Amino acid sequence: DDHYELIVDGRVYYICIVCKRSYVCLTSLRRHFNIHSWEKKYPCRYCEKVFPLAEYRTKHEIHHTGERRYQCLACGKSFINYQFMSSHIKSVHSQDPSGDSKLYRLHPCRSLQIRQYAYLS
């Protein structure tokens, strides 16, 4: 297979047979394991690059379109990802967007065709 199981305190962990990383969720081990096997490939559809996780490709492709989905609700400035948004809000507004802050809005993705969560509309 691709893993073995470890059980401490009645709680189950799934361990990657290759690098021994531990996962609470089997789906996470599977997602991770592609890094080792390259069974599935996620090539960028704008350049040569190829990724081992679907989400790594998606975040990369947003860099190509230049879409700015993260918007600061205190001043209206928008950002390409959470990290730049969070960094802005902490440094400029001295506030933490963690928890449920209501300090930012994540717009739906319109520059790419990805799965759309209803809660963003």
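We call the rigid core the largest set of C-alpha positions that still match within 1.5 Å between the two forms. A residue's number is simply how far along the shown sequence it sits, counting from 1.
Of 95-103 and 12-20, which departs more from this form in 6 other deposited structures of this protein by CA RMS after core fitting: Most displaced of the pair in 6 other deposited structures of this protein: 95-103.
Stretch with the greater mean C-alpha B-factor as recorded in the entry, comparing 22-30 against 80-88: Mean C-alpha B-factor is greater for 22-30.
Residue stretch of maximal mean CA temperature factor, 92-100 vs 64-72: Higher of the two, by average CA B-factor, is 92-100.
Relative C-alpha B-factor of residue 51, binned into the chain's lowest, middle or highest third: Its C-alpha B-factor, which the entry lists for residue 51, ranks in the middle third among residues of this chain.
Ranked C-alpha temperature factor of residue 15 among modelled chain residues, by third: According to the entry, residue 15 has a C-alpha B-factor in the chain's middle third.
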